Amino acid sequence: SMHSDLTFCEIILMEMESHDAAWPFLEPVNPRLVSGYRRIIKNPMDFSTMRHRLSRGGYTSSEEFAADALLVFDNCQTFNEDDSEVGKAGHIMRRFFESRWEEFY
Ligand SMILES: CCc1ccc2[nH]c(-c3cnnn3C)nc2c1
C-alpha cells in the first residue's frame with residue numbers, strides 16, 4: 001500500500017479531484033461518451049486510476065506520481081483543441097497541479 005512519504009501526493013490528487021475543472025479527468029475517457037480517443041492517445045490516464053494506483057502502492061516515488069499527473073494534461077492537449085471546454089480545463093488543472101507541486105519542488 002501507499003508509503004506515508006507520499007501522503008502529500010495523496011492530498012494534491014484529492015485537491016485536484018475537487019476542482020470544478022477536473023470533471024473531464026475524474027475517470028478514464030469513456031468510449032460511451034467520447035469517440036476515437038484511444039485511437040490517438042496511447043497512454044490514457046485519469047485521476048481515479050491515479051488514486052487507486054497511489055493507494056495500493058503502485059507509485060514508488062513522487063516522480064512517478066507527477067509523471068502520471070502530467071500525462072493527464074499532456075493527453076488532454078494532444079486530443080483537444082486549446083479553445084475547447086475540455087482543452088481549457090486541462091490548462092487550468094496543469095496550473096493548479098504545478099502550483100501545488102512547486103510548494104514542494
Ligand atoms: C463523464 C463526463 C465526461 C464527458 C465528456 C468528457 N470528455 C472528456 C475528455 C477528457 N479528455 N478528452 N476528453 C474529450 N472527459 C469527459 C467526461
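Thresholds, definitions, all that
- Residues numbered from 1 in each chain as written, not as in the entry; some residues may be left out.
- Heavy atoms only, no water.
- Helix = DSSP H or I, 4+ residues; strand = E, 2+ residues; numbered from the N terminus.
- Rg over C-alpha atoms; globule rule 2.2 N^0.38 Å.
- Buried < 20%, exposed > 50% of the residue type's maximum accessible area, 1.4 Å probe, protein only.
- Areas by Shrake-Rupley, 256 points an atom, 1.4 Å probe, with all protein chains shown as cover.
- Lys, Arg positive; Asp, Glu negative; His and termini not counted.
- Charge placed at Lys NZ, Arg CZ, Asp CG, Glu CD.
- Salt bridge = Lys/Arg side-chain N within 4 Å of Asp/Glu carboxyl O.

Per the deposited record, the coordinates in this entry were obtained by X-ray crystallography to a resolution of 1.4000 Å.

Caption draft 1: Expanded view of the overall build of the protein chain. Helix and strand counts for the protein chain come out as 5 helices and 0 strands. Ordering the α and β elements of the protein chain from the N terminus gives α-α-α-α-α. Taking 2.2 N^0.38 as the reference for a compact globule, 105 residues should give roughly 13 Å; the C-alpha atoms of the protein chain span a radius of gyration of 13 Å, in line with that estimate. Dimensions of the protein chain along its principal axes, counting C-alpha atoms only, are 40 × 25 × 20 Å. For the protein chain, the residues scored as buried account for 37% of the 105 residues in total. Per element, the accessible surface of the protein chain, about 6,500 Å² overall, is 49% carbon and sulfur. Each charge class in the protein chain was averaged separately, 11 positive and 18 negative side chains, and the resulting centres sit 8 Å apart.

Caption draft 2: The arrangement of the pattern of salt bridges in detail. Overall, the coordinates contain 5 salt bridges when judged by the stated rule. Close ionic contact of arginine 100 with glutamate 15 constitutes a salt bridge, the shortest N to O distance being 3.1 Å. Remark: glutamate 15 occurs in helix α1 (residues 7-18) and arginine 100 occurs in helix α5 (residues 85-101); sequence separation between them is 85 residues. On the accessibility criterion, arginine 100 (23% relative accessible area) is partly exposed. As a salt-bridge pair, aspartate 68 and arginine 53 come within 3.2 Å of each other at their nearest N and O atoms. Highlighted residues: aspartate 68 in helix α4 (residues 62-79) and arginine 53 in helix α3 (residues 47-55), separated in sequence by 15 residues.

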